[PDB]
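Here is work_13.cif, consisting of mmCIF, C-alpha atoms and all ligand atoms:
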```
data_target
#
loop_
_atom_site.label_atom_id
_atom_site.label_comp_id
_atom_site.auth_asym_id
_atom_site.auth_seq_id
_atom_site.Cartn_x
_atom_site.Cartn_y
_atom_site.Cartn_z
CA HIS T 982 -12.37 -149.08 -33.99
CA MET T 983 -13.69 -146.39 -31.65
CA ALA T 984 -12.14 -147.67 -28.40
CA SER T 985 -8.61 -147.59 -29.84
CA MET T 986 -8.77 -144.34 -31.83
CA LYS T 987 -5.68 -142.26 -31.07
CA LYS T 988 -5.35 -138.48 -30.73
CA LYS T 989 -2.55 -136.58 -32.46
CA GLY T 990 -0.15 -134.90 -30.10
CA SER T 991 0.44 -131.22 -29.64
CA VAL T 992 3.06 -129.14 -31.36
CA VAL T 993 5.87 -128.59 -28.85
CA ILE T 994 8.37 -125.74 -28.56
CA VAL T 995 11.80 -127.36 -28.53
CA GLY T 996 14.01 -124.34 -29.04
CA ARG T 997 14.31 -120.80 -30.24
CA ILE T 998 16.35 -118.56 -32.50
CA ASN T 999 18.11 -116.00 -30.35
CA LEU T 1000 18.11 -112.59 -32.01
CA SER T 1001 18.60 -110.55 -28.84
CA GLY T 1002 22.24 -109.62 -29.35
CA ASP T 1003 24.80 -109.09 -32.11
CA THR T 1004 24.95 -112.80 -33.06
CA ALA T 1005 21.98 -114.95 -34.06
CA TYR T 1006 22.10 -118.51 -32.78
CA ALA T 1007 19.82 -121.48 -32.23
CA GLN T 1008 19.15 -122.70 -28.69
CA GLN T 1009 17.61 -126.05 -27.85
CA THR T 1010 15.32 -125.98 -24.82
CA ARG T 1011 13.91 -129.53 -24.94
CA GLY T 1012 15.33 -132.86 -26.11
CA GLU T 1013 13.57 -135.44 -28.27
CA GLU T 1014 12.39 -137.64 -25.39
CA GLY T 1015 10.89 -134.73 -23.45
CA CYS T 1016 9.33 -133.47 -26.65
CA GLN T 1017 7.64 -136.84 -27.20
CA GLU T 1018 6.21 -136.77 -23.67
CA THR T 1019 5.13 -133.12 -23.86
CA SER T 1020 3.41 -133.76 -27.18
CA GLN T 1021 1.23 -136.41 -25.58
CA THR T 1022 0.30 -134.49 -22.45
CA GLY T 1023 0.15 -131.06 -24.02
CA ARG T 1024 1.70 -129.71 -20.82
CA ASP T 1025 4.89 -127.71 -21.35
CA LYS T 1026 6.20 -126.00 -18.22
CA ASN T 1027 9.32 -124.61 -19.90
CA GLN T 1028 9.84 -120.86 -19.94
CA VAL T 1029 9.38 -119.40 -23.43
CA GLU T 1030 11.47 -116.49 -24.67
CA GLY T 1031 11.95 -114.65 -27.92
CA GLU T 1032 10.26 -114.12 -31.27
CA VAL T 1033 11.12 -117.25 -33.32
CA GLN T 1034 10.46 -120.67 -31.80
CA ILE T 1035 11.67 -124.03 -33.04
CA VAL T 1036 8.69 -126.41 -32.87
CA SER T 1037 8.21 -130.12 -33.40
CA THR T 1038 5.55 -132.79 -33.75
CA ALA T 1039 6.25 -136.51 -33.51
CA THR T 1040 7.21 -136.51 -37.18
CA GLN T 1041 8.22 -132.99 -38.26
CA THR T 1042 10.22 -129.99 -37.08
CA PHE T 1043 9.84 -126.42 -38.31
CA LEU T 1044 9.57 -122.88 -36.96
CA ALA T 1045 6.93 -120.56 -35.53
CA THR T 1046 7.01 -116.77 -35.30
CA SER T 1047 5.22 -114.40 -32.89
CA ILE T 1048 3.72 -111.33 -34.59
CA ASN T 1049 1.22 -109.03 -32.81
CA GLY T 1050 0.58 -111.50 -29.99
CA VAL T 1051 -0.04 -114.55 -32.22
CA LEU T 1052 2.37 -117.44 -32.74
CA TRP T 1053 2.12 -118.19 -36.46
CA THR T 1054 3.26 -121.19 -38.45
CA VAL T 1055 2.45 -123.25 -41.54
CA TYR T 1056 -0.45 -125.64 -41.85
CA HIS T 1057 1.80 -128.19 -43.71
CA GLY T 1058 3.75 -128.47 -40.44
CA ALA T 1059 1.10 -128.10 -37.73
CA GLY T 1060 -2.15 -129.19 -39.33
CA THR T 1061 -4.97 -128.51 -36.89
CA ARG T 1062 -2.91 -129.47 -33.86
CA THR T 1063 -2.95 -127.84 -30.46
CA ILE T 1064 0.24 -126.40 -29.02
CA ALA T 1065 1.58 -127.48 -25.63
CA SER T 1066 1.46 -124.89 -22.84
CA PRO T 1067 1.89 -124.75 -19.05
CA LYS T 1068 -1.83 -125.44 -18.47
CA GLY T 1069 -2.29 -128.00 -21.25
CA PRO T 1070 -3.09 -128.03 -24.94
CA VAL T 1071 -4.06 -124.75 -26.58
CA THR T 1072 -6.40 -124.76 -29.57
CA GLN T 1073 -5.55 -122.78 -32.68
CA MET T 1074 -7.12 -119.36 -32.90
CA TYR T 1075 -6.45 -119.09 -36.68
CA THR T 1076 -6.50 -121.85 -39.29
CA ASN T 1077 -6.35 -121.14 -43.03
CA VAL T 1078 -5.37 -124.04 -45.25
CA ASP T 1079 -5.76 -121.82 -48.34
CA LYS T 1080 -2.85 -119.68 -47.08
CA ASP T 1081 -0.95 -122.63 -45.53
CA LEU T 1082 -1.28 -120.75 -42.24
CA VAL T 1083 -2.16 -121.40 -38.61
CA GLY T 1084 -1.82 -119.41 -35.44
CA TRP T 1085 -2.15 -119.77 -31.70
CA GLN T 1086 -2.15 -117.16 -28.96
CA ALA T 1087 1.48 -116.24 -28.37
CA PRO T 1088 3.00 -118.07 -25.34
CA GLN T 1089 3.30 -116.33 -22.04
CA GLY T 1090 6.93 -114.89 -22.17
CA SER T 1091 7.43 -114.72 -25.94
CA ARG T 1092 8.20 -111.41 -27.62
CA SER T 1093 6.32 -110.40 -30.78
CA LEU T 1094 7.59 -108.88 -33.97
CA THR T 1095 5.78 -105.81 -35.30
CA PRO T 1096 4.20 -105.97 -38.75
CA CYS T 1097 6.23 -104.06 -41.30
CA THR T 1098 4.85 -100.90 -42.88
CA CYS T 1099 8.14 -99.82 -44.47
CA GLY T 1100 7.31 -100.92 -48.00
CA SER T 1101 10.96 -102.03 -48.47
CA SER T 1102 12.10 -104.88 -50.73
CA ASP T 1103 15.42 -105.61 -48.96
CA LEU T 1104 14.51 -108.55 -46.72
CA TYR T 1105 16.23 -111.06 -44.44
CA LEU T 1106 15.11 -114.67 -43.95
CA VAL T 1107 15.86 -116.27 -40.56
CA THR T 1108 16.38 -120.05 -40.66
CA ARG T 1109 16.23 -122.74 -37.98
CA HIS T 1110 20.05 -122.69 -37.92
CA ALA T 1111 20.03 -118.94 -37.19
CA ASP T 1112 21.30 -118.08 -40.65
CA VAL T 1113 20.16 -114.59 -41.70
CA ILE T 1114 19.78 -114.82 -45.47
CA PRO T 1115 19.34 -111.65 -47.56
CA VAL T 1116 16.32 -111.95 -49.87
CA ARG T 1117 15.17 -109.40 -52.45
CA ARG T 1118 11.39 -109.07 -52.51
CA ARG T 1119 10.12 -109.95 -56.00
CA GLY T 1120 6.33 -109.77 -55.55
CA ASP T 1121 3.59 -109.89 -52.97
CA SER T 1122 4.61 -113.39 -51.86
CA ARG T 1123 8.01 -114.16 -53.48
CA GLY T 1124 11.63 -113.20 -52.89
CA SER T 1125 14.95 -114.20 -54.41
CA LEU T 1126 17.99 -115.27 -52.43
CA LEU T 1127 20.92 -112.99 -53.07
CA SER T 1128 23.13 -116.08 -52.59
CA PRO T 1129 21.32 -119.25 -53.67
CA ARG T 1130 22.01 -122.44 -51.76
CA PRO T 1131 20.81 -126.05 -51.72
CA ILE T 1132 17.31 -126.56 -50.40
CA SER T 1133 18.83 -128.73 -47.64
CA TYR T 1134 19.83 -125.49 -45.90
CA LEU T 1135 16.24 -124.20 -45.85
CA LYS T 1136 14.49 -127.46 -44.90
CA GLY T 1137 12.82 -127.13 -41.53
CA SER T 1138 12.58 -123.34 -41.61
CA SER T 1139 8.97 -123.00 -42.79
CA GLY T 1140 7.18 -120.81 -40.27
CA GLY T 1141 10.23 -118.59 -39.90
CA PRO T 1142 10.18 -114.87 -40.59
CA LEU T 1143 11.21 -112.65 -43.41
CA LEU T 1144 12.19 -109.33 -41.82
CA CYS T 1145 12.78 -105.81 -43.18
CA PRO T 1146 16.01 -103.85 -42.51
CA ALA T 1147 14.43 -102.46 -39.32
CA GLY T 1148 13.55 -105.89 -37.98
CA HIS T 1149 9.84 -105.79 -38.65
CA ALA T 1150 7.97 -108.89 -39.83
CA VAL T 1151 7.26 -108.86 -43.59
CA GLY T 1152 6.10 -112.45 -43.91
CA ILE T 1153 6.23 -116.12 -42.92
CA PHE T 1154 8.44 -118.54 -44.97
CA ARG T 1155 6.20 -121.11 -46.72
CA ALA T 1156 7.98 -122.86 -49.60
CA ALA T 1157 11.17 -122.93 -51.63
CA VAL T 1158 11.50 -122.63 -55.40
CA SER T 1159 14.03 -125.33 -56.32
CA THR T 1160 16.00 -125.66 -59.56
CA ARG T 1161 18.14 -128.82 -59.57
CA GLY T 1162 17.91 -128.72 -55.79
CA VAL T 1163 19.15 -125.11 -55.47
CA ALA T 1164 16.84 -122.64 -53.77
CA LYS T 1165 16.93 -119.45 -55.86
CA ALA T 1166 13.68 -118.05 -54.47
CA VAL T 1167 11.17 -118.52 -51.68
CA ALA T 1168 7.44 -118.06 -51.27
CA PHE T 1169 6.11 -116.51 -48.09
CA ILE T 1170 2.81 -115.57 -46.47
CA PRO T 1171 2.79 -111.73 -46.41
CA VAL T 1172 2.18 -110.11 -43.06
CA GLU T 1173 -0.80 -108.26 -44.57
CA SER T 1174 -2.46 -111.61 -45.03
CA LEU T 1175 -1.90 -112.39 -41.36
CA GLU T 1176 -3.25 -108.96 -40.44
CA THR T 1177 -6.38 -109.63 -42.49
CA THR T 1178 -6.88 -113.01 -40.81
CA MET T 1179 -6.58 -111.12 -37.50
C1 LIG T 1201 -3.72 -129.57 -46.79
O1 LIG T 1201 -2.92 -128.43 -46.50
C2 LIG T 1201 -1.63 -128.50 -47.01
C3 LIG T 1201 -0.85 -129.83 -46.96
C4 LIG T 1201 0.57 -129.90 -47.52
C5 LIG T 1201 1.19 -128.63 -48.12
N1 LIG T 1201 2.56 -128.71 -48.65
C6 LIG T 1201 3.12 -127.50 -49.21
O2 LIG T 1201 4.42 -127.46 -49.73
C7 LIG T 1201 5.23 -128.51 -49.15
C8 LIG T 1201 5.85 -128.30 -48.01
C9 LIG T 1201 6.79 -127.12 -48.33
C10 LIG T 1201 8.08 -127.02 -47.76
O3 LIG T 1201 8.98 -127.79 -48.01
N2 LIG T 1201 8.27 -125.85 -46.90
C11 LIG T 1201 9.62 -125.56 -46.43
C12 LIG T 1201 10.03 -126.22 -45.16
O4 LIG T 1201 11.05 -126.05 -44.57
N3 LIG T 1201 9.02 -127.12 -44.76
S1 LIG T 1201 9.43 -127.95 -43.38
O5 LIG T 1201 9.64 -127.11 -42.19
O6 LIG T 1201 10.64 -128.75 -43.67
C13 LIG T 1201 8.17 -129.19 -43.07
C14 LIG T 1201 7.76 -130.06 -44.29
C15 LIG T 1201 8.15 -129.77 -41.66
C16 LIG T 1201 7.10 -128.74 -42.08
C17 LIG T 1201 10.20 -124.14 -46.55
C18 LIG T 1201 10.83 -125.28 -47.34
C19 LIG T 1201 12.30 -125.73 -47.26
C20 LIG T 1201 12.93 -126.47 -48.20
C21 LIG T 1201 12.26 -126.94 -49.50
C22 LIG T 1201 12.43 -128.48 -49.53
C23 LIG T 1201 11.84 -129.07 -50.83
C24 LIG T 1201 10.30 -128.79 -50.90
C25 LIG T 1201 10.01 -127.71 -51.98
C26 LIG T 1201 8.55 -127.24 -52.01
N4 LIG T 1201 8.50 -126.29 -53.08
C27 LIG T 1201 7.20 -125.94 -53.58
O7 LIG T 1201 6.18 -126.50 -53.25
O8 LIG T 1201 7.27 -124.84 -54.44
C28 LIG T 1201 6.00 -124.43 -54.89
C29 LIG T 1201 5.15 -123.28 -54.07
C30 LIG T 1201 5.97 -122.16 -54.21
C31 LIG T 1201 7.48 -121.82 -54.19
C32 LIG T 1201 6.82 -122.37 -55.52
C33 LIG T 1201 6.26 -123.78 -56.09
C34 LIG T 1201 8.24 -126.72 -50.62
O9 LIG T 1201 8.86 -125.80 -50.18
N5 LIG T 1201 7.19 -127.42 -49.85
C35 LIG T 1201 6.44 -128.49 -50.28
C36 LIG T 1201 2.34 -126.19 -49.23
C37 LIG T 1201 2.99 -124.95 -49.78
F1 LIG T 1201 2.12 -123.91 -49.64
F2 LIG T 1201 4.05 -124.75 -48.94
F3 LIG T 1201 3.44 -125.13 -51.04
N6 LIG T 1201 1.01 -126.10 -48.71
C38 LIG T 1201 0.43 -127.33 -48.16
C39 LIG T 1201 -1.00 -127.24 -47.59
ZN ZN T 1202 9.77 -102.49 -41.75
#
```
Give the structure from the file, written as structure tokens.
Amino acid sequence: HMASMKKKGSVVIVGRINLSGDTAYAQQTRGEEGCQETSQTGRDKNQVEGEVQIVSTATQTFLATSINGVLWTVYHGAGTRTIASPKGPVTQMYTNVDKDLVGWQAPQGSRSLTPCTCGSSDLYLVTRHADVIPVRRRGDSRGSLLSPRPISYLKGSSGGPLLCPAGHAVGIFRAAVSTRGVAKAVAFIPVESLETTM
């Protein structure tokens, strides 16, 4: 009934993928208990850094990527949820279920990737474990892994970027094409589709 109706928590940044040096690695910035509390209050005082964030709800963990001052992720991870911030919950500025896409203003202190205009098909997928996986572009929204691997290795990386050789953002990882549990290809939201939404 109305008195007891609950509110879903915010998405919470719990880590990041460090791409600042010669070695990519995941960093945790908040543990599960603090995540639970921050999801309820929507108030996250932690300092944010970098381009790729690891984010969590009470029930799911995935990635989010800053491109042109917007933190983008997948709707199948975030739904319509706010994101926690130093001054409380922040409402989405983009929501498009048809593209499996949502976005919030990028957090104070993040760095944004630049949308790719190279027109190159040699891509790199960045996972939540900081693996950098070469992917050949195979269409507007598909790419093949040069080295297939079990889908287990990609789980939790939706919202992560596909990058060009120069480090520009080409798209946002959405879904994996699985054959007998092996990911041979991935689907992604092209950056042009984000730029249109913008
Ligand atoms: C009401 O609005 C909605 C509601 C629900 C929706 N659920 C959608 O798909 C779901 C979620 C997504 C997923 O698993 N994402 C990844 C990830 O890591 N998620 S996650 O972070 O763990 C997370 C779940 C915590 C967030 C990158 C994957 C990593 C591993 C794969 C694991 C096996 C799953 C294989 C599947 N394969 C597939 O569907 O292939 C088809 C599409 C295309 C490639 C071909 C056929 C696939 O990838 N997924 C199924 C989509 C879609 F748009 F994503 F499809 N839209 C929605 C819009
Ligand atoms: Zn580029």
> Once you count all atoms listed in the file, which residues end up within 8 Å of ligand ZN 1202 (chain T), and could you hand them over as a list in words?
Replying inline: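 Using all atoms listed in the file, I find these residues within 8 Å of ligand ZN 1202 (chain T): residues 1096, 1097, 1098, 1099, 1100, 1101, 1144, 1145, 1146, 1147, 1148, 1149, 1150 and 1151 of chain T.
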>> For a test of reading the model, state the distance in Å between atom CA of residue T:1018 and atom CA of residue T:1081, rounded to one decimal.
In response: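 For atom CA of residue T:1018 relative to atom CA of residue T:1081, the distance reads 27.0 Å.
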> Using only C-alpha atoms and all ligand atoms, which protein or nucleic acid residues are at most 6 Å from ligand LIG 1201 (chain T), as number ranges by chain?
Replying inline: T: 1041-1043, 1056-1058, 1078, 1081, 1132, 1135-1139, 1155-1158, 1167-1168
>> Report, in Å to a single decimal, how far apart atom CA of residue T:1171 and atom CA of residue T:1004 are.
In response: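 Here the two named atoms are 25.9 Å from each other.
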>> Please determine, counting all atoms listed in the file, which residue among T:1166, T:1094, T:1055, T:1116 has the shortest atom-to-atom distance to residue T:1079.
In response: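 Selected residue with least distance to residue T:1079: T:1055.
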>> If I take atom CA of residue T:1119 and atom CA of residue T:1143, how far is one from the other in Å, to one decimal?
In response: 12.9 Å
>> Set the distance at 10 Å and use only C-alpha atoms: which residues neighbour residue T:1128 once local chain neighbours fewer than 3 positions away are removed? I'd like the list as a list in words.
In response: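 Using only C-alpha atoms, the neighbours found are residues 1114, 1115, 1116, 1125, 1164, 1165 and 1166 of chain T.
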> Restricting the calculation to only C-alpha atoms, which member of T:1061, T:1024, T:1154, T:1075 is positioned closest to residue T:1104?
Replying inline: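 For residue T:1104, the nearest of the candidates is T:1154.
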> Which residue, T:1172, T:1082, T:1005, T:1052, has the smallest gap to residue T:1108 when you use only C-alpha atoms?
Replying inline: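 Of the candidates, the smallest distance to residue T:1108 is held by T:1005.
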>> Set the distance at 10 Å and use only C-alpha atoms: which residues neighbour residue T:1039 once local chain neighbours fewer than 4 positions away are removed? I'd like the list as a list in words.
In response: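 Selected residues are residues 989, 990, 991, 992, 993, 1013, 1016, 1017, 1018, 1020 and 1021 of chain T.
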> Within 10 Å of residue T:1066, counting all atoms listed in the file, which residues qualify if same-chain residues fewer than 4 places away don't, as a list in words?
Replying inline: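 After dropping sequence-adjacent residues, the list is residues 991, 992, 993, 994, 1019, 1022, 1023, 1024, 1025, 1026, 1027, 1028, 1029, 1070, 1071, 1088 and 1089 of chain T.
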Write out the residues from the selection above, keeping C-alpha atoms, as a PDB file, keeping the file's coordinate frame.
```
ATOM      1  CA  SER T 991       0.440-131.220 -29.640  1.00  0.00           C
ATOM      2  CA  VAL T 992       3.060-129.140 -31.360  1.00  0.00           C
ATOM      3  CA  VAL T 993       5.870-128.590 -28.850  1.00  0.00           C
ATOM      4  CA  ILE T 994       8.370-125.740 -28.560  1.00  0.00           C
ATOM      5  CA  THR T1019       5.130-133.120 -23.860  1.00  0.00           C
ATOM      6  CA  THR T1022       0.300-134.490 -22.450  1.00  0.00           C
ATOM      7  CA  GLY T1023       0.150-131.060 -24.020  1.00  0.00           C
ATOM      8  CA  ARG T1024       1.700-129.710 -20.820  1.00  0.00           C
ATOM      9  CA  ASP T1025       4.890-127.710 -21.350  1.00  0.00           C
ATOM     10  CA  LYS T1026       6.200-126.000 -18.220  1.00  0.00           C
ATOM     11  CA  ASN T1027       9.320-124.610 -19.900  1.00  0.00           C
ATOM     12  CA  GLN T1028       9.840-120.860 -19.940  1.00  0.00           C
ATOM     13  CA  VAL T1029       9.380-119.400 -23.430  1.00  0.00           C
ATOM     14  CA  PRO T1070      -3.090-128.030 -24.940  1.00  0.00           C
ATOM     15  CA  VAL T1071      -4.060-124.750 -26.580  1.00  0.00           C
ATOM     16  CA  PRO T1088       3.000-118.070 -25.340  1.00  0.00           C
ATOM     17  CA  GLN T1089       3.300-116.330 -22.040  1.00  0.00           C
TER      18      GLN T1089
END
```
Mind filling out stretch 1109-1130 of chain T with N, CA, C and O atoms and sending it as a short mmCIF file (atom, residue, chain, number, x, y, z; two decimals), in the frame of the given file?
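Produced file rebuild06.cif, reproduced below:
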```cif
data_model
loop_
_atom_site.label_atom_id
_atom_site.label_comp_id
_atom_site.auth_asym_id
_atom_site.auth_seq_id
_atom_site.Cartn_x
_atom_site.Cartn_y
_atom_site.Cartn_z
N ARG T 1109 16.18 -121.99 -39.23
CA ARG T 1109 16.23 -122.74 -37.98
C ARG T 1109 17.65 -122.93 -37.48
O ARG T 1109 17.84 -123.32 -36.32
N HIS T 1110 18.65 -122.66 -38.32
CA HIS T 1110 20.05 -122.69 -37.92
C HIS T 1110 20.58 -121.31 -37.57
O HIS T 1110 21.78 -121.16 -37.37
N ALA T 1111 19.70 -120.32 -37.49
CA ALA T 1111 20.03 -118.94 -37.19
C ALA T 1111 20.84 -118.30 -38.30
O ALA T 1111 21.54 -117.31 -38.05
N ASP T 1112 20.77 -118.83 -39.52
CA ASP T 1112 21.30 -118.08 -40.65
C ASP T 1112 20.35 -116.93 -40.96
O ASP T 1112 19.13 -117.09 -40.87
N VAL T 1113 20.91 -115.77 -41.28
CA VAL T 1113 20.16 -114.59 -41.70
C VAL T 1113 20.50 -114.39 -43.17
O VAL T 1113 21.63 -114.03 -43.51
N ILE T 1114 19.54 -114.67 -44.04
CA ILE T 1114 19.78 -114.82 -45.47
C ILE T 1114 19.17 -113.61 -46.17
O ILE T 1114 17.94 -113.45 -46.16
N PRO T 1115 19.95 -112.75 -46.81
CA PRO T 1115 19.34 -111.65 -47.56
C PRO T 1115 18.50 -112.18 -48.72
O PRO T 1115 18.91 -113.07 -49.47
N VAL T 1116 17.33 -111.58 -48.88
CA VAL T 1116 16.32 -111.95 -49.87
C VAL T 1116 15.79 -110.65 -50.45
O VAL T 1116 15.35 -109.77 -49.70
N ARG T 1117 15.81 -110.54 -51.78
CA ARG T 1117 15.17 -109.40 -52.45
C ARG T 1117 13.71 -109.73 -52.70
O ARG T 1117 13.40 -110.74 -53.34
N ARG T 1118 12.80 -108.86 -52.24
CA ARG T 1118 11.39 -109.07 -52.51
C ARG T 1118 11.11 -108.95 -54.01
O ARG T 1118 11.55 -107.99 -54.65
N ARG T 1119 10.38 -109.91 -54.56
CA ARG T 1119 10.12 -109.95 -56.00
C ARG T 1119 8.63 -109.91 -56.34
O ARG T 1119 8.29 -109.88 -57.53
N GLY T 1120 7.76 -109.90 -55.34
CA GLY T 1120 6.33 -109.77 -55.55
C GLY T 1120 5.65 -109.80 -54.21
O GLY T 1120 6.30 -109.75 -53.16
N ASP T 1121 4.32 -109.89 -54.24
CA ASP T 1121 3.59 -109.89 -52.97
C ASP T 1121 4.01 -111.06 -52.08
O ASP T 1121 4.05 -110.93 -50.85
N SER T 1122 4.33 -112.22 -52.68
CA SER T 1122 4.61 -113.39 -51.86
C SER T 1122 5.86 -114.16 -52.28
O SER T 1122 5.99 -115.35 -51.94
N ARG T 1123 6.79 -113.51 -52.98
CA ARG T 1123 8.01 -114.16 -53.48
C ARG T 1123 9.22 -113.27 -53.22
O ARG T 1123 9.12 -112.04 -53.24
N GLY T 1124 10.36 -113.90 -52.98
CA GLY T 1124 11.63 -113.20 -52.89
C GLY T 1124 12.75 -114.08 -53.38
O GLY T 1124 12.66 -115.30 -53.30
N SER T 1125 13.80 -113.46 -53.89
CA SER T 1125 14.95 -114.20 -54.41
C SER T 1125 16.10 -114.15 -53.41
O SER T 1125 16.34 -113.14 -52.76
N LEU T 1126 16.81 -115.27 -53.28
CA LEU T 1126 17.99 -115.27 -52.43
C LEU T 1126 19.11 -114.56 -53.16
O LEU T 1126 19.37 -114.83 -54.34
N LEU T 1127 19.78 -113.65 -52.47
CA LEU T 1127 20.92 -112.99 -53.07
C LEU T 1127 22.03 -114.00 -53.33
O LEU T 1127 22.77 -113.88 -54.31
N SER T 1128 22.12 -115.03 -52.49
CA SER T 1128 23.13 -116.08 -52.59
C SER T 1128 22.38 -117.39 -52.53
O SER T 1128 22.06 -117.88 -51.44
N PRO T 1129 22.05 -117.98 -53.68
CA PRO T 1129 21.32 -119.25 -53.67
C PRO T 1129 22.09 -120.34 -52.94
O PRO T 1129 23.32 -120.31 -52.85
N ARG T 1130 21.36 -121.32 -52.42
CA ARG T 1130 22.01 -122.44 -51.76
C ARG T 1130 21.10 -123.65 -51.84
O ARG T 1130 19.90 -123.52 -52.10
#
```
